[PDB]
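Shown here: my_file_29.cif, mmCIF, C-alpha atoms.
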data_upload
loop_
_atom_site.label_atom_id
_atom_site.label_comp_id
_atom_site.auth_asym_id
_atom_site.auth_seq_id
_atom_site.Cartn_x
_atom_site.Cartn_y
_atom_site.Cartn_z
CA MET B 1 205.19 -31.13 -109.93
CA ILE B 2 204.75 -31.34 -106.16
CA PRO B 3 201.54 -33.24 -105.22
CA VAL B 4 199.30 -31.60 -102.65
CA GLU B 5 196.76 -33.36 -100.48
CA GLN B 6 193.09 -32.56 -101.02
CA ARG B 7 192.12 -29.80 -98.60
CA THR B 8 188.46 -29.23 -99.53
CA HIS B 9 185.36 -31.01 -100.83
CA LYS B 10 186.71 -34.24 -99.31
CA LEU B 11 183.50 -36.26 -99.17
CA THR B 12 182.49 -35.60 -102.77
CA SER B 13 181.04 -38.74 -104.38
CA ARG B 14 183.64 -40.63 -106.40
CA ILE B 15 180.80 -42.31 -108.26
CA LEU B 16 178.57 -39.34 -109.09
CA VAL B 17 181.06 -36.51 -109.42
CA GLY B 18 184.55 -37.86 -109.78
CA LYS B 19 187.89 -39.15 -108.55
CA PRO B 20 190.74 -36.65 -108.40
CA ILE B 21 193.80 -38.09 -110.16
CA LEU B 22 196.03 -35.04 -109.89
CA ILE B 23 196.22 -32.02 -107.62
CA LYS B 24 199.06 -29.53 -107.63
CA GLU B 25 199.45 -25.77 -107.18
CA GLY B 26 196.83 -24.00 -109.29
CA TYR B 27 195.81 -27.10 -111.25
CA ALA B 28 193.75 -30.28 -110.85
CA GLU B 29 192.46 -33.24 -112.83
CA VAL B 30 189.46 -35.36 -111.93
CA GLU B 31 188.04 -38.33 -113.85
CA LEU B 32 184.52 -39.71 -114.01
CA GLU B 33 183.17 -42.94 -115.47
CA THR B 34 179.61 -42.17 -116.52
CA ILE B 35 176.94 -44.63 -115.33
CA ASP B 36 173.45 -45.66 -116.33
CA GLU B 37 171.67 -43.58 -113.66
CA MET B 38 173.09 -40.44 -115.32
CA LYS B 39 171.09 -41.03 -118.52
CA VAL B 40 168.14 -38.92 -119.63
CA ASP B 41 166.73 -41.18 -122.39
CA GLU B 42 166.91 -44.65 -123.95
CA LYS B 43 169.69 -43.60 -126.30
CA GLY B 44 172.01 -43.30 -123.32
CA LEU B 45 172.46 -39.53 -123.36
CA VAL B 46 174.13 -38.41 -120.12
CA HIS B 47 172.62 -35.39 -118.40
CA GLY B 48 174.85 -32.31 -118.64
CA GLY B 49 174.40 -31.75 -114.93
CA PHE B 50 176.84 -34.56 -114.24
CA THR B 51 179.43 -33.26 -116.69
CA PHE B 52 179.08 -29.82 -115.09
CA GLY B 53 179.37 -31.32 -111.61
CA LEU B 54 182.62 -32.99 -112.61
CA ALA B 55 184.00 -29.73 -114.03
CA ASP B 56 182.81 -27.78 -110.93
CA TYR B 57 184.64 -30.21 -108.63
CA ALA B 58 187.87 -29.97 -110.66
CA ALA B 59 187.68 -26.18 -110.35
CA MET B 60 187.31 -26.41 -106.56
CA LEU B 61 190.47 -28.58 -106.49
CA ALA B 62 192.43 -26.25 -108.73
CA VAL B 63 192.00 -23.71 -105.89
CA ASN B 64 192.08 -26.35 -103.15
CA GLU B 65 191.39 -24.05 -100.22
CA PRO B 66 189.10 -25.40 -97.43
CA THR B 67 186.45 -22.68 -97.74
CA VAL B 68 186.41 -22.43 -101.57
CA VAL B 69 182.94 -22.18 -103.17
CA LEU B 70 181.61 -21.70 -106.69
CA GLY B 71 179.96 -18.32 -107.23
CA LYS B 72 179.36 -18.19 -110.95
CA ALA B 73 180.06 -20.26 -114.03
CA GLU B 74 179.70 -19.95 -117.78
CA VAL B 75 179.86 -23.23 -119.68
CA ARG B 76 179.43 -24.50 -123.23
CA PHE B 77 178.60 -28.13 -123.86
CA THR B 78 180.51 -28.93 -127.02
CA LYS B 79 179.80 -32.66 -127.55
CA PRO B 80 177.10 -35.00 -126.18
CA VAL B 81 178.20 -37.51 -123.54
CA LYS B 82 176.97 -41.10 -123.65
CA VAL B 83 176.73 -43.57 -120.75
CA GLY B 84 179.97 -45.53 -120.69
CA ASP B 85 182.11 -42.53 -121.63
CA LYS B 86 185.02 -41.92 -119.26
CA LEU B 87 185.54 -38.19 -118.73
CA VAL B 88 188.51 -36.19 -117.44
CA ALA B 89 188.16 -32.59 -116.30
CA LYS B 90 191.32 -30.43 -116.34
CA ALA B 91 191.07 -27.22 -114.27
CA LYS B 92 193.60 -24.36 -114.08
CA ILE B 93 193.49 -21.06 -112.20
CA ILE B 94 193.83 -18.51 -115.01
CA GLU B 95 193.39 -15.36 -112.91
CA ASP B 96 194.17 -14.92 -109.26
CA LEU B 97 192.26 -11.94 -107.90
CA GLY B 98 193.09 -12.57 -104.26
CA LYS B 99 190.06 -14.19 -102.65
CA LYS B 100 188.44 -14.55 -106.05
CA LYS B 101 189.89 -17.04 -108.51
CA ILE B 102 188.94 -17.48 -112.18
CA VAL B 103 189.42 -21.11 -113.21
CA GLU B 104 189.16 -22.42 -116.74
CA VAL B 105 188.01 -26.02 -117.06
CA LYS B 106 187.84 -28.31 -120.05
CA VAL B 107 186.31 -31.74 -119.81
CA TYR B 108 187.72 -34.39 -122.18
CA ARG B 109 186.65 -37.80 -123.47
CA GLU B 110 190.08 -39.00 -124.59
CA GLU B 111 191.15 -36.09 -126.83
CA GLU B 112 187.75 -34.55 -127.52
CA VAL B 113 186.44 -31.59 -125.54
CA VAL B 114 182.86 -32.20 -124.34
CA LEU B 115 182.61 -29.13 -122.08
CA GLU B 116 184.53 -25.87 -121.66
CA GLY B 117 183.91 -23.22 -119.07
CA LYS B 118 185.04 -20.44 -116.77
CA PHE B 119 184.39 -20.94 -113.05
CA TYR B 120 184.48 -17.93 -110.69
CA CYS B 121 185.52 -19.25 -107.30
CA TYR B 122 185.70 -17.57 -103.89
CA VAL B 123 187.83 -18.45 -100.91
CA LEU B 124 185.74 -17.39 -97.90
CA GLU B 125 186.86 -16.28 -94.44
CA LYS B 126 184.66 -19.04 -93.09
CA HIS B 127 182.89 -22.08 -94.50
CA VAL B 128 179.91 -21.14 -96.66
CA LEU B 129 177.44 -22.78 -94.27
CA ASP B 130 178.70 -20.50 -91.46
#

structure tokens encoding of this file:
Amino acid sequence: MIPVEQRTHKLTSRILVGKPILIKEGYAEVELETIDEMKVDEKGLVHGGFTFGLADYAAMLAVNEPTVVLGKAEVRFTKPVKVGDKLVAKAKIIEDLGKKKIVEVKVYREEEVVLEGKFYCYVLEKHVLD
């Protein structure tokens, strides 16, 4: 594979969302060590919003275009995540419809899938905030 530098979402929190560990044409991998602030109860259950955020970010890097944004997403949480789990999201463009890209993302905890989803991404003429 030929590595590509990150061209979008550059200031994304490495602590709250993730650290990209691989970015190439049409594919990206980002890892996240879950922390205590991400919990929703005393049992250590991690809020799905963080798992989704990690997957969302991987999807943006699978497209890796400056103006890329997430328009729609369908996700299934398959296994609960506990504080202390290390997660890895693997995102691949599965359909290139020009400016619209359909990216499939699966988030893993070692070999187990904890989240699976389709992310509908759009590369805009200009940055989403105008």

Quick check on the file I pasted: which residues fall under the PyMOL selection byres ((chain B and resi 7-21) around 10)? Write them as an MDAnalysis selection string. chainID B and resid 4:6 22:23 28:35 37:38 49:58 60:61 63:69 87:89

Do you have the atom CA of residue 120 of chain B-atom CA of residue 97 of chain B distance handy? 10.2 Å

So how far away is atom CA of residue 39 of chain B from atom CA of residue 82 of chain B, in Å? 7.8 Å

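Ranking B:90, B:24, B:106, B:100 by their shortest atom-to-atom distance to residue 3 of chain B, with all atoms listed in the file included, puts B:24 first.
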
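Minimum distance to residue 114 of chain B across B:70, B:46, B:93, B:129 (counting all atoms listed in the file) occurs at B:46.
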
Atom pair atom CA of residue 108 of chain B + atom CA of residue 47 of chain B, distance 15.6 Å

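Restricting the calculation to only C-alpha atoms, the smallest distance between residue 104 of chain B and any of B:85, B:125, B:74, B:36 is found for B:74.
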
Mind telling me what the PyMOL selection byres ((chain B and resi 119) around 6) catches here, as a ChimeraX atom specification? /B:73,102-103,118,120

Counting all atoms listed in the file, closest pick from B:72, B:25, B:117, B:79 relative to residue 2 of chain B is B:25

For residue 123 of chain B, which residue among B:105, B:75, B:62, B:81 is the nearest when counting only C-alpha atoms? B:62

Put the listed atoms of segment 36-41 of chain B in a box along x, y and z with 5 Å added on every side and give me the centre and edge lengths in Å to one decimal, as AutoDock Vina command-line options.
--center_x 170.1 --center_y -42.3 --center_z -118.0 --size_x 16.7 --size_y 16.7 --size_z 18.7

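The closest residue to residue 43 of chain B, picked from B:107, B:113, B:1, B:83 and counting only C-alpha atoms, is B:83.
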
Can you complete the atoms of segment 59-74 of chain B to N, CA, C and O atoms and list them as a tab-separated table (two decimals), in the frame of the given file?
chain	number	residue	atom	x	y	z
B	59	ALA	N	187.43	-27.59	-110.60
B	59	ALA	CA	187.68	-26.18	-110.35
B	59	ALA	C	187.94	-25.94	-108.85
B	59	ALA	O	188.87	-25.22	-108.49
B	60	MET	N	187.13	-26.55	-107.99
B	60	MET	CA	187.31	-26.41	-106.56
B	60	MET	C	188.69	-26.96	-106.16
B	60	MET	O	189.33	-26.43	-105.25
B	61	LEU	N	189.15	-28.02	-106.83
B	61	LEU	CA	190.47	-28.58	-106.49
B	61	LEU	C	191.62	-27.81	-107.10
B	61	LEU	O	192.75	-27.91	-106.61
B	62	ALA	N	191.37	-27.05	-108.15
B	62	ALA	CA	192.43	-26.25	-108.73
B	62	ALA	C	192.75	-25.14	-107.71
B	62	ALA	O	193.87	-24.64	-107.66
B	63	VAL	N	191.76	-24.74	-106.90
B	63	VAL	CA	192.00	-23.71	-105.89
B	63	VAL	C	192.45	-24.42	-104.62
B	63	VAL	O	193.40	-24.00	-103.96
B	64	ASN	N	191.75	-25.49	-104.28
B	64	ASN	CA	192.08	-26.35	-103.15
B	64	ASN	C	192.31	-25.63	-101.83
B	64	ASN	O	193.32	-25.84	-101.15
B	65	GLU	N	191.35	-24.79	-101.46
B	65	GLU	CA	191.39	-24.05	-100.22
B	65	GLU	C	190.15	-24.57	-99.50
B	65	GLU	O	189.10	-24.69	-100.11
B	66	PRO	N	190.25	-24.88	-98.19
B	66	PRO	CA	189.10	-25.40	-97.43
B	66	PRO	C	187.73	-24.76	-97.67
B	66	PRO	O	186.74	-25.47	-97.93
B	67	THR	N	187.68	-23.44	-97.57
B	67	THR	CA	186.45	-22.68	-97.74
B	67	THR	C	186.06	-22.29	-99.18
B	67	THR	O	185.14	-21.49	-99.37
B	68	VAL	N	186.73	-22.84	-100.19
B	68	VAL	CA	186.41	-22.43	-101.57
B	68	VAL	C	184.96	-22.80	-101.95
B	68	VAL	O	184.43	-23.82	-101.52
B	69	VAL	N	184.31	-21.93	-102.72
B	69	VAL	CA	182.94	-22.18	-103.17
B	69	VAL	C	182.77	-21.67	-104.60
B	69	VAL	O	183.52	-20.81	-105.06
B	70	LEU	N	181.79	-22.19	-105.33
B	70	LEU	CA	181.61	-21.70	-106.69
B	70	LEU	C	180.55	-20.59	-106.69
B	70	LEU	O	179.43	-20.79	-106.21
B	71	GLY	N	180.91	-19.43	-107.21
B	71	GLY	CA	179.96	-18.32	-107.23
B	71	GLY	C	179.21	-18.17	-108.53
B	71	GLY	O	177.99	-17.91	-108.56
B	72	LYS	N	179.94	-18.35	-109.62
B	72	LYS	CA	179.36	-18.19	-110.95
B	72	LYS	C	180.12	-19.07	-111.93
B	72	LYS	O	181.30	-19.38	-111.73
B	73	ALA	N	179.44	-19.44	-113.01
B	73	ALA	CA	180.06	-20.26	-114.03
B	73	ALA	C	179.41	-20.01	-115.38
B	73	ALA	O	178.22	-19.70	-115.46
B	74	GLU	N	180.20	-20.09	-116.43
B	74	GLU	CA	179.70	-19.95	-117.78
B	74	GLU	C	180.24	-21.20	-118.45
B	74	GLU	O	181.45	-21.46	-118.39
